[PDB]
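Understanding the architecture of this molecule
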Amino acid sequence: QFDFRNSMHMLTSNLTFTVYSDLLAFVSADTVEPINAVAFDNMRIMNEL
Amino acid sequence: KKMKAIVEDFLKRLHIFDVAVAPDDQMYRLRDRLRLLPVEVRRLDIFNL
């Protein structure tokens with residue numbers, strides 16, 4: 001049987017938000033000039049120039 | 001700065017070689033060989049001034 005008191009509820013949530021997906025479009029990435037690009041040891045990757 | 005141009009000018013001025021056929025590695029080995037030489041007295045003095 002339908003009971004109003006047992007069926008009436010109060011649902012709570014957030015008012016508004018935006019859900020993003022890319023997560024890297026917010027990162028602006030540039031690269032150093034390739035000639036002076038250093039390896040893990042902090043010396044130029046190609047040092048025969 | 002890349003010194004392949006310097007070595008190419010050197011070989012071209014030697015007048016008897018085919019620089020277009022001399023590969024790059026030989027030119028850079030020539031640069032390594034030249035780097036160990038002392039500088040002429042007059043050119044070194046001009047550079048010091």
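Residues numbered from 1 in each chain as written, not as in the entry; some residues may be left out. Chains lettered and ligands numbered in written order. Part of a larger assembly, values for the part shown. Heavy atoms only, no water.

What the deposited record gives as its method is cryo-EM, and the resolution it gives is 2.7 Å.

1. Structural notes on the side chain of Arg31 of chain B
Operational definition: A run of H or I in DSSP counts as a helix once it spans at least four residues, and a run of E counts as a strand once it spans at least two, with each numbered from the N terminus. Whether two residues are in contact is decided by their heavy atoms, any of which lying within 4.5 Å being enough.
Its location among the elements puts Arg31 of chain B in helix α2 (residues 24-35). When near neighbours in sequence (up to four residues on either side) are disregarded, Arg31 of chain B contacts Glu48 and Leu49 of chain A together with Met3 and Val7 of chain B.

2. A short note on the nonpolar core
One recurring pattern in soluble globular proteins is that nonpolar side chains are buried together. Put simply, the rule is: For this analysis, a nonpolar core means a set of buried residues of the types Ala, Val, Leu, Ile, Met, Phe, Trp, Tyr and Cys, connected via side-chain atoms within 4.5 Å. Using a 1.4 Å probe on the protein chains alone, a residue whose accessible area is under 20% of its type maximum counts as buried, one over 50% counts as exposed, and one in between counts as partly exposed.
Counting five residues, the largest nonpolar core is built from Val7, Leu11, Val19, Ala22 and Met27 of chain B. Filtering out sequence-adjacent residues up to four positions away, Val19 of chain B remains in contact with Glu8, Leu11 and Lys12 of chain B.

3. A look at unusual backbone geometry
Non-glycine residue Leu23 of chain A carries a positive phi angle of around 70°. Tracing the backbone shows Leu23 of chain A in the segment after α1 (4-7).

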